[PDB]
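Undergrad: no FASTA, just this:
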Ligand SMILES: Nc1ncnc2c1ncn2[C@@H]1O[C@H](COP(=O)(O)OP(=O)(O)OC[C@H]2O[C@@H]([n+]3cccc(C(=O)O)c3)[C@H](O)[C@@H]2O)[C@@H](O)[C@H]1O
Ligand SMILES: Nc1ncnc2c1ncn2[C@@H]1O[C@H](COP(=O)(O)OP(=O)(O)OC[C@H]2O[C@@H]([n+]3cccc(C(=O)O)c3)[C@H](O)[C@@H]2O)[C@@H](O)[C@H]1O
Ligand SMILES: Nc1ncnc2c1ncn2[C@@H]1O[C@H](COP(=O)(O)OP(=O)(O)OP(=O)(O)O)[C@@H](O)[C@H]1O
Ligand SMILES: Nc1ncnc2c1ncn2[C@@H]1O[C@H](COP(=O)(O)OP(=O)(O)OP(=O)(O)O)[C@@H](O)[C@H]1O
């Protein structure tokens, strides 16, 4: 295979273009369109959407009904179609066209020298600044064919254009106002199989209108588990009563892939790589989406599927797509902040309800001065505060084997702190057994002690292990740190933990003295030896748990995010010496460890998991929630996929 | 309320009657029917189904077409209807009736002085000994009304009769051949809401025909989650070319509630209490049943619902129903044997797969000489045998605290046996924690009990890490149910629990099964026998009672008072009903309502509220019983932080003190 | 006339409530609901929406299938209905209810002593943290009636509740997941006449989920030219595998009227005055909205319209609504800057 190719990893490259309108002059419009389409070709784009009524200009009013204008529009269309024989992408260009008795506001789907379909606008606004019914007929419920340059081509609202060599790409087109009505044509189309929803728009600009466009294109892409590709008219449209801003944008399942400069001087394009596998994966999992389809069966099976062969470029054309290094840790500081706020409150209110139900037992927790146990202590304290419980009911324990951060924190917090040396009990145990086992004896004895103390002192044992450890099965199962009465950290991956700790510092709700210890814990604490860097395994975890992406897809993504430390963004808090870059060889190596550990070795540990709250939209690993899987399965096929598909280095 | 009333607990009493046919003489047939219906009334029955063509006789052939015969049938029907004003049950009686152009083979649904509906047979056999098309029209797709004694009453295949004061009781009727076709009218009816399916039959008898009747009545009751009430013609029918056996039977979701003597001299009835709550519960849970309905929406919403008010007797009328003392342990020896065979093989193959997947680790198991650990050791041994593994790869441990059966068994089996005294480690731990026992006081704490229980598991896990094995869990389903186990570090935890789905009441019977089969030598049998003979009930109650409650709750979700009614009918009287094999006369206790109530309170509290967090983090192991297992990944998804207040309150308000 | 009265100016006062869940204990939930409903009465609210499965708790899983739970839910419902004889607002309260073969996830529309309708959730998520199909039947395409306390009342996804003395207030109800599918029930309902769209939600909370809820409630209120009234579950729901944030919000044609504190200690309400005339005016003008209706004529005329008389308070009850002094000049500096 050809591993650096975005197309071979399930991306499809799409473009939303805003050209230079010359109102009333189709040849000029077509020349601008042709020139932008050639650019899109050069970029390896599979799709290029233009503004509403591209070929005539949207704003020319009764000029639309002039014979010479309609004649010139047809002549220009035919030239485009002919030029398109040498162009990679499907071009979606607007045109007022004659059909039966009237002119329809249409989008003309053009590919490799042929017209694939012609789609009329369904809803024609005739209110405020809009007069569309005056010149143009509604397309809703038109079917059949239309005659364009000596061919009969599909015509109507019910069309789907499907790439026969790229099944994740199924195109539907609507027009401007179409997406603003309670039941848009695009929403039935997605149910029928459309994955990429195009919109050609005129859209005179107005205070707050760009927000309206966004609210609707974004919600559409989210509700319809689709890419939404949008292109509005700019410079050149008539300013007799209106102004135009040239806005273009591309959305994917709620997320902005790209957008262009508003009120540009000159033409602009948004170009992005859409992840069809992401959309595929979201739909596979959200059954209620298919349920909705079945419920509108007749509405949804009546669409007509026009096939074409894209034949996209096979080689390296980069990845026009932002890939976060930390799926669980947003690089944008406003967002990271929001996430931390939510994580923390989730953890706390999860624990509060447990305590309420147990009529407020004491909280037993082993504190080692490590990141996980520190954060848990803080979570426990806040829980107890919010529930009006004395902090002295939290029973913290240092359990030395064979750090001072731990006693310092407990003391600053004002919980009950205690030390218990497990060493002698360990020796006694090691000897009685005739002695990994030696590490497990200590790990087990810690949990054993904590559970017995909890029995004795009327408390529950707080679990401490994080989601990343659950994922790799990095924990001692049974009698060991895997086991507890309630685990507040179970849904928090390791990459996010350090950020919650800062959040709690930065907010400063626990005094200045507490913050200093916490700061110390951080500075001191920053395993990865045998299971690899958690930044890489948390990356893989998100891809697998959310999308079920195959290993080579995960390696491609991780490599685009991580191979170059100067590229992309780092969340806040990474001084310049903590900004590693990973080679493909490293990413491959750790991925092998990951799939082996995650699919095969580690499930039985998750299988018997104490209670605790889901935190990340990426998923948690509860066998009672997000991850139902066998404890007795090999990972052969994943390892084999990495062998066959991911280059050695 | 009125606790000893079967109606107030959701039962409906149904009857399948076989009368005395007098062919060609409707007055006589009606007199027989009237007499049987009065008996049914006396019995508090809500329903009485008679044989096909009751009023004329099924076998009279072209005599069905005679005006005087048809006129007499009508006259007789109207007298029944009038007599029925004083009768409790809905009577379903057969009659050849004129409608439009022809006579239809009908069942006339009759209640408290009115005709509720008339239902024509849908499929009329005209082959081998059957000539029904010659005299009678098919009913399939007839609708509308028909005129019976100056009233227009519903007519057709699409009727449902619903008790307005007893919503679990929704009656559908079909006729004989109707239940034998690939898509019977009764199957669309059950989808539409019918819960009790009636069948009036003529059914000349033939070698092997009673089996056919049962195969189809039983499978119908099972596939349609319903009661199926069936009545065939008997003595009196013409023996010109045929004989008749008078068979009657009542099925409920695949189970025979009642049947009557074949070839009786005289009339016979099958009378049984149908549990509408059981049918309700099965349907609530099997969503694919509702799914089937929605897929045949148009077919299923077109039924017409005729209402009637039953107004059943409110008092004590007994319970015409067999209630097993041991929902998990069948009293019938053939059946118990089948169950044991299956339980055992399930346990074993469950463990074999785990071992295969772990590339054959050693098996570490704590053996205390108790029932659970004994049975597990056996299970382990068989697993190893079938996988061609040396028995010396099973590592059994006695773990004495502060029995010889245990070392005897391990030794006879030939596994690796070893003792480890956990007492010193325990002392060291009790002292390290500052427990009063370490300075002398006899504080037989729970902490003190848990230190030992915990240390056992801790040891076993460490040995497992050391010696390359997995720890076999040992706790049984009944202990999972009551949260009777030490959670976390303790006997609740393990790498694979083969006993997790086996309730305690069944364990002793698996041990005998293994003895009785004798596949492990005579020496092994003797120790096992010893374990039995040699082998807490005081804090959680008798497991026979808690296992009974467990089944009701886990399978059906029945409310506490319903469970108490059932347990009391099963258990209050030791001479009543049957005991599985293996209960000598002094192990046959009876329980009072006061006891059953008392333990039920303990059960709902422990099961709905306290114990769930223990189940919530449960090691892998196989489901065994059709009653269910308690894996939070399978049969039982519930909250760890919920109170049982409403169940306790229901017991207070509904179940008498004693 | 009576000029200082919000109702006489075309407003209708609506409330989205988050109560205290006591899982498995319907009497307790109902007591909390009753108490919040009385508050809403006192505020002159016409409408009070509660969280999904209010009476039982959304999170109780197979406990939904327990007879004693379902029995208690019914008893509790009947007491609310009876208490509601003296309450001004239409209460919309969640309840698992038995119908035909199964239990449906329902919202019970209650008003002045009677049940107006019962609406089942249409889309039951069974993925990730959701297992709803295990215990509950889909409501899409259910019609007819259901028996609640000796009455046969409208049942199904196709219901509209219309105030006969306040025509700008036409209520439709959906549930949680209903609003997340490409073609939600609420969108057809708005085309059919619904102006106020209620949503009862359980909605375990998760990083970024509150954004999702907003994106979809806000876009719905905008695309459907309607108020969208939304109430999620809070404290008391089981934290076996999930946490809850108690979020409540009220949208109007894309604009946030009100919202409540996330992860509150105690119960919270969003209360706002919805301008029915504003909705009325937007619809009069955007012909393409009616055009959409006509295009789905058969879909949209099949709704059933249940009438009730609100009889709202006639006097001065203030105006629970922010009115900018400068319709053309936003007071929020970020926004004014954008403009
Ligand atoms: N598929 C399966 N089904 C049922 N049981 C299975 C099993 N696979 C192994 N087992 C059993 O499980 C045991 C192996 O698992 P386990 O006992 O947990 O031990 P294991 O994962 O092999 O070792 C734990 C490792 O994690 C490290 N550790 C320890 C403590 C804390 C942390 C931390 O960072 O928080 C890390 C420590 O360095 C140690 O090397 C064996 O007894 C094996 O027989
Ligand atoms: N909802 C919840 N979520 C998280 N944690 C919860 C909890 N509820 C209690 N806990 C905690 O769990 C602990 C209570 O459970 P646990 O530690 O197991 O102990 P617990 O259930 O209090 O006692 C176990 C009892 O079972 C009997 N037992 C034990 C072992 C074996 C056998 C046998 O013969 O089969 C019988 C023994 O007599 C003992 O009294 C306490 O620390 C409590 O605070
Ligand atoms: N010395 C200790 N004293 C008290 N508790 C401990 C001690 N060591 C481990 N624990 C308990 O067991 C858990 C797991 O141990 P582990 O050594 O993985 O934790 P850590 O020190 O937070 O991380 P790391 O090993 O990566 O520095 C801890 O979070 C803590 O609750
Ligand atoms: N003395 C013991 N020696 C070895 N293992 C033990 C011992 N006591 C308990 N165990 C282990 O822990 C499990 C639970 O112990 P428990 O004493 O409850 O079992 P039991 O004796 O079968 O039960 P019961 O006391 O009700 O007969 C045992 O089945 C076994 O795995």
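TA: Noted; the coordinates are in hand. Residues are numbered from 1 along each chain as shown, chains lettered A, B, ... in the order given. Ligands and ions are numbered 1, 2, ... in the order given.

Undergrad: now do the same contact list for the residue of chain A found nearest chain C.
TA: Nearest residue of chain A to chain C: residue A:219, at 3.3 Å (C-beta to the nearest C-beta). In this view, the C-beta of every residue, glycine as well, is placed from N, C-alpha and C. Residue A:219 makes contacts with A:254, C:215, C:216, C:218, C:219, C:223, as judged by C-beta atoms under 8 Å, 6 or more residues apart in numbering or on different chains.

Undergrad: check residue A:254 too.
TA: Contacts of residue A:254 by C-beta under 8 Å, 6+ apart are A:218, A:219, A:221, A:222, C:212, C:215.

Undergrad: sec struct for residue A:98, please.
TA: Under DSSP: H, G, I helix; E, B strand; the rest coil, residue A:98 falls in the strand class.

Undergrad: correct me, but it touches residue A:70?
TA: Yes - using C-beta atoms under 8 Å, residue A:98 is in contact with residue A:70, at 6.1 Å.

Undergrad: between those two, who's got more neighbours?
TA: Neighbour comparison, residue A:98 and residue A:70: the larger count goes to residue A:70, with 19 against 15 (by other C-beta atoms under 10 Å in any protein chain shown).

Undergrad: thought residue A:224 was touching residue A:187, still the case?
TA: Yes - the pair residue A:187 / residue A:224 is scored as a contact, 5.8 Å apart, by C-beta under 8 Å.

Undergrad: mind listing what residue A:442 touches?
TA: Residue A:442 sits next to A:401, A:422, A:426 when contact means C-beta under 8 Å, 6+ apart.

Undergrad: try it again with 10 Å
TA: A:399, A:400, A:401, A:402, A:422, A:423, A:425, A:426, A:429, A:430, A:476, A:480 (C-beta atoms under 10 Å, 6 or more residues apart in numbering or on different chains).

Undergrad: okay, and it sits in which element?
TA: helix A:437-457 (DSSP states H and E).

Undergrad: any part of the following helix or strand past that helix near chain B?
TA: Sequence-wise, the next helix or strand downstream of helix A:437-457 (DSSP H and E) is strand A:459-463. Yes - judged by C-beta under 10 Å from any C-beta of the partner chain, strand A:459-463 comes into contact with chain B at A:460, A:461.

Undergrad: circling back: which pair in the contacts of residue A:254 has the greatest spatial separation?
TA: Based on C-beta to C-beta, the longest span within the contacts of residue A:254 runs between A:221 and C:212 and measures 12.6 Å.

Undergrad: hmm, back to that, okay, the angle between the helix or strand containing the residue of chain A closest to chain C and helix C:209-223?
TA: Residue A:219 is located in helix A:209-223, with elements delineated by DSSP H and E. Helix A:209-223 and helix C:209-223 are oriented at 120 degrees to each other (axes from the mean of the first three to the mean of the last three C-alpha atoms, to 10 degrees).

Undergrad: roughly how far out does helix A:209-223 sit from the chain middle?
TA: 17 Å (C-alpha atoms, centre = their mean, to the nearest Å).

Undergrad: quick one: contacts for residue A:598?
TA: By C-beta under 10 Å, 6+ apart, the neighbours of residue A:598 are A:470-473, A:537, A:540-541, A:544-545, A:606, A:621, A:627, A:629, A:635, A:638.

Undergrad: quick one, what contacts the residue of the stretch 251-400 of chain A found nearest chain B?
TA: Proximity of the stretch 251-400 of chain A to chain B (C-beta to the nearest C-beta) peaks at residue A:357, 3.6 Å away. Residue A:357 is in contact with B:609, B:613, B:639, B:640, B:641, B:642, B:643, C:23, C:236, C:238, C:239, counting by C-beta under 10 Å, 6+ apart.
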